[PDB]
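Participant: As input, take work-v4.cif (mmCIF, N, CA and C atoms):
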```cif
data_coords
#
loop_
_atom_site.group_PDB
_atom_site.id
_atom_site.type_symbol
_atom_site.label_atom_id
_atom_site.label_comp_id
_atom_site.auth_asym_id
_atom_site.auth_seq_id
_atom_site.Cartn_x
_atom_site.Cartn_y
_atom_site.Cartn_z
ATOM 1 N N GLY A 1 -4.529 26.855 12.090
ATOM 2 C CA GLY A 1 -5.902 26.389 11.799
ATOM 3 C C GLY A 1 -6.413 25.466 12.895
ATOM 4 N N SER A 2 -7.139 24.405 12.523
ATOM 5 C CA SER A 2 -7.720 23.430 13.471
ATOM 6 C C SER A 2 -6.681 22.623 14.265
ATOM 7 N N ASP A 3 -5.424 22.590 13.816
ATOM 8 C CA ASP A 3 -4.286 22.060 14.571
ATOM 9 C C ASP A 3 -4.107 22.748 15.939
ATOM 10 N N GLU A 4 -4.393 24.051 16.032
ATOM 11 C CA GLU A 4 -4.340 24.820 17.283
ATOM 12 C C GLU A 4 -5.508 24.463 18.223
ATOM 13 N N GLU A 5 -6.660 24.102 17.652
ATOM 14 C CA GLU A 5 -7.848 23.643 18.385
ATOM 15 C C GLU A 5 -7.678 22.214 18.918
ATOM 16 N N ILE A 6 -6.971 21.350 18.184
ATOM 17 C CA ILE A 6 -6.608 19.998 18.633
ATOM 18 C C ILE A 6 -5.486 20.041 19.678
ATOM 19 N N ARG A 7 -4.536 20.982 19.570
ATOM 20 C CA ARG A 7 -3.353 21.066 20.461
ATOM 21 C C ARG A 7 -3.746 21.026 21.939
ATOM 22 N N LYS A 8 -4.825 21.716 22.323
ATOM 23 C CA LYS A 8 -5.355 21.729 23.700
ATOM 24 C C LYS A 8 -5.698 20.322 24.206
ATOM 25 N N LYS A 9 -6.296 19.469 23.364
ATOM 26 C CA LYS A 9 -6.710 18.112 23.741
ATOM 27 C C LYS A 9 -5.490 17.238 24.027
ATOM 28 N N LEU A 10 -4.415 17.465 23.274
ATOM 29 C CA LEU A 10 -3.135 16.764 23.361
ATOM 30 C C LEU A 10 -2.315 17.249 24.567
ATOM 31 N N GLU A 11 -2.180 18.559 24.750
ATOM 32 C CA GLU A 11 -1.381 19.130 25.841
ATOM 33 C C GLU A 11 -2.057 18.974 27.216
ATOM 34 N N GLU A 12 -3.392 18.927 27.278
ATOM 35 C CA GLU A 12 -4.131 18.535 28.486
ATOM 36 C C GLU A 12 -3.859 17.057 28.817
ATOM 37 N N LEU A 13 -3.812 16.178 27.807
ATOM 38 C CA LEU A 13 -3.552 14.744 27.972
ATOM 39 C C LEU A 13 -2.144 14.470 28.525
ATOM 40 N N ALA A 14 -1.174 15.316 28.165
ATOM 41 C CA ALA A 14 0.176 15.304 28.724
ATOM 42 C C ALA A 14 0.188 15.532 30.251
ATOM 43 N N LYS A 15 -0.691 16.401 30.779
ATOM 44 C CA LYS A 15 -0.880 16.588 32.234
ATOM 45 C C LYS A 15 -1.656 15.438 32.886
ATOM 46 N N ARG A 16 -2.616 14.840 32.170
ATOM 47 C CA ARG A 16 -3.442 13.719 32.666
ATOM 48 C C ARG A 16 -2.599 12.465 32.897
ATOM 49 N N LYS A 17 -1.721 12.118 31.944
ATOM 50 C CA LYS A 17 -0.925 10.876 31.981
ATOM 51 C C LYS A 17 0.536 11.080 32.400
ATOM 52 N N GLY A 18 1.021 12.324 32.411
ATOM 53 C CA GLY A 18 2.389 12.686 32.816
ATOM 54 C C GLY A 18 3.484 12.442 31.763
ATOM 55 N N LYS A 19 3.115 12.194 30.497
ATOM 56 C CA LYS A 19 4.046 12.009 29.359
ATOM 57 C C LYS A 19 4.283 13.315 28.592
ATOM 58 N N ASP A 20 5.403 13.403 27.871
ATOM 59 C CA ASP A 20 5.707 14.538 26.985
ATOM 60 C C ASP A 20 5.079 14.338 25.591
ATOM 61 N N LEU A 21 4.098 15.181 25.250
ATOM 62 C CA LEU A 21 3.466 15.295 23.930
ATOM 63 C C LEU A 21 3.811 16.664 23.313
ATOM 64 N N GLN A 22 4.177 16.704 22.029
ATOM 65 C CA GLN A 22 4.472 17.939 21.287
ATOM 66 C C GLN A 22 3.949 17.853 19.841
ATOM 67 N N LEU A 23 3.505 18.983 19.273
ATOM 68 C CA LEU A 23 2.917 19.079 17.935
ATOM 69 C C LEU A 23 3.802 19.908 16.983
ATOM 70 N N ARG A 24 4.070 19.383 15.777
ATOM 71 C CA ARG A 24 4.898 20.016 14.723
ATOM 72 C C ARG A 24 4.340 19.758 13.312
ATOM 73 N N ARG A 25 4.665 20.629 12.352
ATOM 74 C CA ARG A 25 4.317 20.513 10.921
ATOM 75 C C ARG A 25 5.567 20.264 10.061
ATOM 76 N N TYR A 26 5.437 19.466 8.998
ATOM 77 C CA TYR A 26 6.498 19.086 8.048
ATOM 78 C C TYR A 26 6.004 19.107 6.588
ATOM 79 N N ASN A 27 6.930 19.209 5.623
ATOM 80 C CA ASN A 27 6.619 19.257 4.185
ATOM 81 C C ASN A 27 6.994 17.976 3.408
ATOM 82 N N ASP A 28 8.003 17.206 3.846
ATOM 83 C CA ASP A 28 8.511 16.029 3.114
ATOM 84 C C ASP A 28 8.756 14.800 4.014
ATOM 85 N N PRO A 29 8.519 13.568 3.521
ATOM 86 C CA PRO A 29 8.940 12.326 4.185
ATOM 87 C C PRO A 29 10.429 12.300 4.591
ATOM 88 N N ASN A 30 11.322 12.931 3.820
ATOM 89 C CA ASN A 30 12.755 12.958 4.136
ATOM 90 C C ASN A 30 13.087 13.823 5.362
ATOM 91 N N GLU A 31 12.348 14.914 5.574
ATOM 92 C CA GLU A 31 12.520 15.788 6.739
ATOM 93 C C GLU A 31 11.836 15.201 7.975
ATOM 94 N N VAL A 32 10.667 14.583 7.773
ATOM 95 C CA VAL A 32 9.816 14.120 8.881
ATOM 96 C C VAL A 32 10.410 12.899 9.588
ATOM 97 N N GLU A 33 11.039 11.998 8.824
ATOM 98 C CA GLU A 33 11.719 10.786 9.307
ATOM 99 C C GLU A 33 12.695 11.083 10.453
ATOM 100 N N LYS A 34 13.448 12.188 10.352
ATOM 101 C CA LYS A 34 14.461 12.597 11.342
ATOM 102 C C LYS A 34 13.857 12.875 12.722
ATOM 103 N N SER A 35 12.622 13.377 12.748
ATOM 104 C CA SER A 35 11.865 13.670 13.967
ATOM 105 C C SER A 35 11.371 12.400 14.670
ATOM 106 N N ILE A 36 11.096 11.332 13.908
ATOM 107 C CA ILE A 36 10.590 10.067 14.456
ATOM 108 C C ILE A 36 11.679 9.366 15.278
ATOM 109 N N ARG A 37 12.928 9.385 14.788
ATOM 110 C CA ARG A 37 14.071 8.730 15.451
ATOM 111 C C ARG A 37 14.305 9.306 16.849
ATOM 112 N N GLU A 38 14.171 10.626 16.997
ATOM 113 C CA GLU A 38 14.305 11.321 18.289
ATOM 114 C C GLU A 38 13.209 10.902 19.275
ATOM 115 N N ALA A 39 11.949 10.939 18.832
ATOM 116 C CA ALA A 39 10.785 10.576 19.639
ATOM 117 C C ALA A 39 10.877 9.139 20.180
ATOM 118 N N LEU A 40 11.215 8.181 19.312
ATOM 119 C CA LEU A 40 11.276 6.764 19.659
ATOM 120 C C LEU A 40 12.492 6.426 20.532
ATOM 121 N N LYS A 41 13.651 7.059 20.290
ATOM 122 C CA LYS A 41 14.856 6.893 21.107
ATOM 123 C C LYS A 41 14.672 7.421 22.537
ATOM 124 N N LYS A 42 13.914 8.514 22.695
ATOM 125 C CA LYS A 42 13.673 9.208 23.976
ATOM 126 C C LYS A 42 12.377 8.785 24.691
ATOM 127 N N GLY A 43 11.582 7.886 24.101
ATOM 128 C CA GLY A 43 10.333 7.374 24.688
ATOM 129 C C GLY A 43 9.203 8.413 24.749
ATOM 130 N N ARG A 44 9.183 9.350 23.792
ATOM 131 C CA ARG A 44 8.301 10.526 23.733
ATOM 132 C C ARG A 44 7.246 10.436 22.632
ATOM 133 N N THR A 45 6.196 11.238 22.784
ATOM 134 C CA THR A 45 5.087 11.351 21.833
ATOM 135 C C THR A 45 5.237 12.603 20.971
ATOM 136 N N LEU A 46 5.215 12.439 19.649
ATOM 137 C CA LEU A 46 5.112 13.540 18.688
ATOM 138 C C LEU A 46 3.838 13.391 17.860
ATOM 139 N N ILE A 47 3.136 14.504 17.680
ATOM 140 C CA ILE A 47 1.981 14.613 16.798
ATOM 141 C C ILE A 47 2.384 15.494 15.629
ATOM 142 N N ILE A 48 2.392 14.905 14.445
ATOM 143 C CA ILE A 48 2.972 15.534 13.262
ATOM 144 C C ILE A 48 1.921 15.734 12.177
ATOM 145 N N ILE A 49 1.951 16.895 11.527
ATOM 146 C CA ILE A 49 1.084 17.236 10.397
ATOM 147 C C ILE A 49 1.950 17.362 9.144
ATOM 148 N N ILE A 50 1.730 16.496 8.157
ATOM 149 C CA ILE A 50 2.430 16.507 6.877
ATOM 150 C C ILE A 50 1.451 16.438 5.710
ATOM 151 N N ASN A 51 1.448 17.484 4.884
ATOM 152 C CA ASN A 51 0.629 17.597 3.668
ATOM 153 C C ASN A 51 -0.867 17.256 3.885
ATOM 154 N N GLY A 52 -1.401 17.653 5.045
ATOM 155 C CA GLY A 52 -2.776 17.388 5.491
ATOM 156 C C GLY A 52 -3.000 16.043 6.203
ATOM 157 N N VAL A 53 -1.976 15.185 6.334
ATOM 158 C CA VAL A 53 -2.061 13.895 7.052
ATOM 159 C C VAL A 53 -1.504 14.039 8.471
ATOM 160 N N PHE A 54 -2.222 13.516 9.470
ATOM 161 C CA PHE A 54 -1.747 13.451 10.858
ATOM 162 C C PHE A 54 -0.972 12.150 11.116
ATOM 163 N N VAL A 55 0.334 12.249 11.360
ATOM 164 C CA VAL A 55 1.226 11.139 11.723
ATOM 165 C C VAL A 55 1.512 11.200 13.225
ATOM 166 N N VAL A 56 1.062 10.196 13.974
ATOM 167 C CA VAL A 56 1.263 10.096 15.429
ATOM 168 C C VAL A 56 2.397 9.115 15.741
ATOM 169 N N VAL A 57 3.436 9.586 16.432
ATOM 170 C CA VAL A 57 4.570 8.774 16.900
ATOM 171 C C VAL A 57 4.525 8.674 18.421
ATOM 172 N N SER A 58 4.577 7.468 18.985
ATOM 173 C CA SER A 58 4.781 7.244 20.423
ATOM 174 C C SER A 58 5.242 5.810 20.678
ATOM 175 N N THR A 59 5.943 5.579 21.784
ATOM 176 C CA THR A 59 6.268 4.232 22.278
ATOM 177 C C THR A 59 5.123 3.622 23.106
ATOM 178 N N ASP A 60 3.975 4.309 23.221
ATOM 179 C CA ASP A 60 2.791 3.858 23.964
ATOM 180 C C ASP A 60 1.535 3.883 23.072
ATOM 181 N N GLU A 61 1.037 2.708 22.670
ATOM 182 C CA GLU A 61 -0.137 2.575 21.786
ATOM 183 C C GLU A 61 -1.410 3.197 22.380
ATOM 184 N N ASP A 62 -1.560 3.172 23.707
ATOM 185 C CA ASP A 62 -2.640 3.846 24.430
ATOM 186 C C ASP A 62 -2.579 5.378 24.302
ATOM 187 N N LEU A 63 -1.386 5.961 24.116
ATOM 188 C CA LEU A 63 -1.254 7.385 23.799
ATOM 189 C C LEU A 63 -1.666 7.702 22.360
ATOM 190 N N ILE A 64 -1.217 6.915 21.377
ATOM 191 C CA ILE A 64 -1.651 7.080 19.981
ATOM 192 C C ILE A 64 -3.168 6.934 19.847
ATOM 193 N N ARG A 65 -3.767 5.850 20.356
ATOM 194 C CA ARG A 65 -5.192 5.551 20.118
ATOM 195 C C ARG A 65 -6.147 6.601 20.702
ATOM 196 N N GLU A 66 -5.761 7.257 21.795
ATOM 197 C CA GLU A 66 -6.494 8.393 22.363
ATOM 198 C C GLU A 66 -6.264 9.680 21.558
ATOM 199 N N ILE A 67 -5.046 9.925 21.060
ATOM 200 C CA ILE A 67 -4.753 11.076 20.193
ATOM 201 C C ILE A 67 -5.540 10.979 18.884
ATOM 202 N N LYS A 68 -5.586 9.798 18.257
ATOM 203 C CA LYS A 68 -6.340 9.542 17.017
ATOM 204 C C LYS A 68 -7.809 9.921 17.151
ATOM 205 N N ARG A 69 -8.430 9.560 18.277
ATOM 206 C CA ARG A 69 -9.804 9.951 18.618
ATOM 207 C C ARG A 69 -9.937 11.475 18.698
ATOM 208 N N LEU A 70 -9.036 12.161 19.405
ATOM 209 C CA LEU A 70 -9.094 13.614 19.627
ATOM 210 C C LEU A 70 -8.812 14.427 18.347
ATOM 211 N N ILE A 71 -7.955 13.911 17.458
ATOM 212 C CA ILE A 71 -7.735 14.436 16.101
ATOM 213 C C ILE A 71 -9.022 14.286 15.283
ATOM 214 N N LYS A 72 -9.605 13.081 15.279
ATOM 215 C CA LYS A 72 -10.764 12.743 14.446
ATOM 216 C C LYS A 72 -12.076 13.387 14.903
ATOM 217 N N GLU A 73 -12.223 13.699 16.190
ATOM 218 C CA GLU A 73 -13.316 14.539 16.699
ATOM 219 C C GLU A 73 -13.350 15.909 15.998
ATOM 220 N N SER A 74 -12.176 16.529 15.841
ATOM 221 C CA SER A 74 -12.023 17.888 15.312
ATOM 222 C C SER A 74 -11.923 17.922 13.783
ATOM 223 N N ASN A 75 -11.377 16.871 13.159
ATOM 224 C CA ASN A 75 -11.356 16.676 11.710
ATOM 225 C C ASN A 75 -11.776 15.233 11.340
ATOM 226 N N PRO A 76 -13.087 14.922 11.270
ATOM 227 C CA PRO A 76 -13.572 13.574 10.945
ATOM 228 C C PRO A 76 -13.277 13.153 9.492
ATOM 229 N N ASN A 77 -12.960 14.118 8.621
ATOM 230 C CA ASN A 77 -12.601 13.928 7.214
ATOM 231 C C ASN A 77 -11.085 13.775 6.949
ATOM 232 N N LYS A 78 -10.211 13.991 7.948
ATOM 233 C CA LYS A 78 -8.747 13.886 7.787
ATOM 234 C C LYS A 78 -8.233 12.453 7.928
ATOM 235 N N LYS A 79 -7.207 12.141 7.130
ATOM 236 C CA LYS A 79 -6.451 10.883 7.171
ATOM 237 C C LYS A 79 -5.343 10.933 8.223
ATOM 238 N N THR A 80 -5.042 9.761 8.763
ATOM 239 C CA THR A 80 -4.195 9.561 9.944
ATOM 240 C C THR A 80 -3.248 8.370 9.777
ATOM 241 N N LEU A 81 -2.136 8.398 10.513
ATOM 242 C CA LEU A 81 -1.052 7.413 10.501
ATOM 243 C C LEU A 81 -0.479 7.233 11.918
ATOM 244 N N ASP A 82 0.055 6.052 12.221
ATOM 245 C CA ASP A 82 0.596 5.680 13.535
ATOM 246 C C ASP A 82 1.926 4.916 13.442
ATOM 247 N N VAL A 83 2.842 5.211 14.370
ATOM 248 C CA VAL A 83 4.234 4.732 14.374
ATOM 249 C C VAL A 83 4.708 4.468 15.812
ATOM 250 N N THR A 84 5.273 3.284 16.085
ATOM 251 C CA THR A 84 5.865 2.930 17.399
ATOM 252 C C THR A 84 7.311 2.424 17.331
ATOM 253 N N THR A 85 7.746 2.005 16.146
ATOM 254 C CA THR A 85 9.124 1.646 15.781
ATOM 255 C C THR A 85 9.535 2.359 14.489
ATOM 256 N N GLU A 86 10.839 2.468 14.223
ATOM 257 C CA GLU A 86 11.331 2.951 12.920
ATOM 258 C C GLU A 86 10.990 1.994 11.755
ATOM 259 N N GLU A 87 10.647 0.733 12.049
ATOM 260 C CA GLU A 87 10.094 -0.212 11.071
ATOM 261 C C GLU A 87 8.626 0.109 10.725
ATOM 262 N N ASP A 88 7.801 0.529 11.698
ATOM 263 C CA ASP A 88 6.420 0.974 11.438
ATOM 264 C C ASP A 88 6.383 2.172 10.483
ATOM 265 N N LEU A 89 7.326 3.115 10.617
ATOM 266 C CA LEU A 89 7.436 4.289 9.744
ATOM 267 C C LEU A 89 7.562 3.879 8.266
ATOM 268 N N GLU A 90 8.471 2.953 7.959
ATOM 269 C CA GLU A 90 8.635 2.414 6.602
ATOM 270 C C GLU A 90 7.402 1.616 6.145
ATOM 271 N N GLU A 91 6.771 0.853 7.044
ATOM 272 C CA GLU A 91 5.548 0.084 6.764
ATOM 273 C C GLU A 91 4.396 1.005 6.322
ATOM 274 N N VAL A 92 4.154 2.100 7.054
ATOM 275 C CA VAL A 92 3.094 3.061 6.724
ATOM 276 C C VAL A 92 3.432 3.941 5.521
ATOM 277 N N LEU A 93 4.684 4.379 5.341
ATOM 278 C CA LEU A 93 5.086 5.135 4.143
ATOM 279 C C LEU A 93 4.968 4.289 2.865
ATOM 280 N N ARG A 94 5.235 2.979 2.938
ATOM 281 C CA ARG A 94 5.030 2.045 1.812
ATOM 282 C C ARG A 94 3.543 1.919 1.456
ATOM 283 N N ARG A 95 2.672 1.878 2.469
ATOM 284 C CA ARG A 95 1.204 1.893 2.322
ATOM 285 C C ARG A 95 0.654 3.218 1.794
ATOM 286 N N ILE A 96 1.246 4.360 2.155
ATOM 287 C CA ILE A 96 0.881 5.677 1.606
ATOM 288 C C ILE A 96 1.047 5.695 0.076
ATOM 289 N N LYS A 97 2.147 5.139 -0.457
ATOM 290 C CA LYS A 97 2.387 5.046 -1.912
ATOM 291 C C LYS A 97 1.443 4.062 -2.622
ATOM 292 N N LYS A 98 0.978 3.023 -1.915
ATOM 293 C CA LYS A 98 0.084 1.963 -2.431
ATOM 294 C C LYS A 98 -1.419 2.244 -2.256
ATOM 295 N N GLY A 99 -1.794 3.307 -1.539
ATOM 296 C CA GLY A 99 -3.193 3.678 -1.264
ATOM 297 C C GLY A 99 -3.840 2.943 -0.077
ATOM 298 N N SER A 100 -3.055 2.216 0.726
ATOM 299 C CA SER A 100 -3.507 1.419 1.886
ATOM 300 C C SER A 100 -3.515 2.235 3.194
ATOM 301 N N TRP A 101 -4.086 3.443 3.128
ATOM 302 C CA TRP A 101 -4.147 4.433 4.214
ATOM 303 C C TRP A 101 -5.138 3.986 5.316
ATOM 304 N N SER A 102 -5.110 4.630 6.491
ATOM 305 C CA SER A 102 -5.922 4.223 7.655
ATOM 306 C C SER A 102 -7.442 4.286 7.407
ATOM 307 N N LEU A 103 -8.178 3.335 7.995
ATOM 308 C CA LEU A 103 -9.635 3.156 7.887
ATOM 309 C C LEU A 103 -10.319 3.397 9.251
ATOM 310 N N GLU A 104 -9.948 4.495 9.909
ATOM 311 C CA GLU A 104 -10.545 4.934 11.176
ATOM 312 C C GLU A 104 -11.941 5.532 10.931
ATOM 313 N N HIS A 105 -12.981 4.724 11.138
ATOM 314 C CA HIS A 105 -14.395 5.111 11.082
ATOM 315 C C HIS A 105 -15.109 4.557 12.322
ATOM 316 N N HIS A 106 -16.004 5.325 12.947
ATOM 317 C CA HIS A 106 -16.631 4.936 14.223
ATOM 318 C C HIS A 106 -17.515 3.675 14.117
ATOM 319 N N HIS A 107 -18.077 3.397 12.936
ATOM 320 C CA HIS A 107 -18.836 2.169 12.644
ATOM 321 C C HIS A 107 -17.923 0.934 12.429
ATOM 322 N N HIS A 108 -16.638 1.144 12.113
ATOM 323 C CA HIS A 108 -15.619 0.097 11.927
ATOM 324 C C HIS A 108 -14.763 -0.135 13.194
ATOM 325 N N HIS A 109 -14.642 0.883 14.053
ATOM 326 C CA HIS A 109 -13.876 0.866 15.306
ATOM 327 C C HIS A 109 -14.492 -0.035 16.402
ATOM 328 N N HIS A 110 -15.806 -0.291 16.332
ATOM 329 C CA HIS A 110 -16.569 -1.140 17.262
ATOM 330 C C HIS A 110 -16.757 -2.576 16.731
#
```
Can you present the structure in this file as structure tokens?

Facilitator:
Amino acid sequence: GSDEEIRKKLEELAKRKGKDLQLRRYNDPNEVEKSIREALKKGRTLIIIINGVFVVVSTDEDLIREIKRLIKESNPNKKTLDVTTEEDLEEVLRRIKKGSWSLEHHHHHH
């Protein structure tokens, strides 16, 4: 679907900045967690789709914040998440259960 239309914006950005970006889909928090440990240990960017939520993992906040924009251009109605440590993963998954999900809106971003 629209994940294939966003993939171009991400894989072009990998050539612009010289970092490794890759896109994958998951069904459960228990399966997805295993992918975050690899990305953070290796200093790499993963863009993950789980149950309609976009979870962005990177050791570079400037890579996440540009990916979030490129995701939200193509799906302005989709919810999003960000991770830079294995502690951030638990922080955001705890917020997912509590309803404290991301508030990325262009009138709030400025």

Participant: May I have the residues within 7 Å of residue 56 in chain A as a PyMOL selection string, using all atoms listed in the file and disregarding those fewer than 2 positions away in the same chain?

Facilitator: chain A and resi 45-48+54+58+64+80-84

Participant: Let me make sure I understand: among A:85, A:75, A:27, A:35, which one has the smallest atom-to-atom distance to residue 59 in chain A if we use all atoms listed in the file?

Facilitator: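 The closest residue to residue 59 in chain A is A:85.
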
Participant: Interatomic distance between CA of residue 17 in chain A and atom N of residue 41 in chain A?

Facilitator: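 According to the coordinates, CA of residue 17 in chain A and atom N of residue 41 in chain A are separated by 19.1 Å.
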
Participant: Can you list every residue in chain A that DSSP puts in strand (DSSP E), as a count of residues only?

Facilitator: 21

Participant: With 6 Å added on each side, what axis-aligned box encloses every listed atom of range 64-80 of chain A? Give the centre and edge lengths in Å to one decimal, as lines of an AutoDock Vina configuration file.

Facilitator:
```
center_x = -7.4
center_y = 11.7
center_z = 14.7
size_x = 24.4
size_y = 24.4
size_z = 27.4
```

Participant: For the file shown, what are the residues hit by the PyMOL selection byres (((chain A and resi 104 and name CA) around 10) and name CA), laid out as a ChimeraX atom specification?

Facilitator: /A:68-69,72,76,78-81,101-103,105-109

Participant: When DSSP is applied to the backbone of this structure, which of chain A are assigned helix (DSSP H, G or I)? Write them out as number ranges by chain.

Facilitator: A: 2-17, 29-41, 61-74, 86-98, 106-109

Participant: As an exercise, work out the distance from atom C of residue 71 in chain A to CA of residue 15 in chain A in Å and give it to one decimal place.

Facilitator: 18.9 Å

Participant: Can you tell me how far atom N of residue 73 in chain A sits from atom N of residue 100 in chain A, in Å to one decimal?

Facilitator: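 Computing it gives 21.3 Å between the two atoms.
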
Participant: When distances are computed from only C-alpha atoms, which of A:90, A:20, A:61, A:11 shows the smallest separation from residue 42 in chain A?

Facilitator: A:20

Participant: Have a look at A:91, A:65, A:33, A:70 and name the one nearest to residue 7 in chain A; count all atoms listed in the file.

Facilitator: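 Among A:91, A:65, A:33, A:70, it is A:70 that comes nearest to residue 7 in chain A.
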
Participant: Quick one: which residues end up in the PyMOL selection byres ((chain A and resi 51) around 6.5) for this structure, as a list in words?

Facilitator: residues 26, 27, 49, 50, 52 and 53 of chain A

Participant: For the selection just defined, write its residues with N, CA and C atoms to a file, as a PDB file, in the coordinates of the input.

Facilitator:
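Result file follows (selection-v6.pdb):
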```
ATOM      1  N   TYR A  26       5.437  19.466   8.998  1.00  0.00           N
ATOM      2  CA  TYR A  26       6.498  19.086   8.048  1.00  0.00           C
ATOM      3  C   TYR A  26       6.004  19.107   6.588  1.00  0.00           C
ATOM      4  N   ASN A  27       6.930  19.209   5.623  1.00  0.00           N
ATOM      5  CA  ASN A  27       6.619  19.257   4.185  1.00  0.00           C
ATOM      6  C   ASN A  27       6.994  17.976   3.408  1.00  0.00           C
ATOM      7  N   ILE A  49       1.951  16.895  11.527  1.00  0.00           N
ATOM      8  CA  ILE A  49       1.084  17.236  10.397  1.00  0.00           C
ATOM      9  C   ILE A  49       1.950  17.362   9.144  1.00  0.00           C
ATOM     10  N   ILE A  50       1.730  16.496   8.157  1.00  0.00           N
ATOM     11  CA  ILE A  50       2.430  16.507   6.877  1.00  0.00           C
ATOM     12  C   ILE A  50       1.451  16.438   5.710  1.00  0.00           C
ATOM     13  N   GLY A  52      -1.401  17.653   5.045  1.00  0.00           N
ATOM     14  CA  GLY A  52      -2.776  17.388   5.491  1.00  0.00           C
ATOM     15  C   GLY A  52      -3.000  16.043   6.203  1.00  0.00           C
ATOM     16  N   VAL A  53      -1.976  15.185   6.334  1.00  0.00           N
ATOM     17  CA  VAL A  53      -2.061  13.895   7.052  1.00  0.00           C
ATOM     18  C   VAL A  53      -1.504  14.039   8.471  1.00  0.00           C
TER      19      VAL A  53
END
```
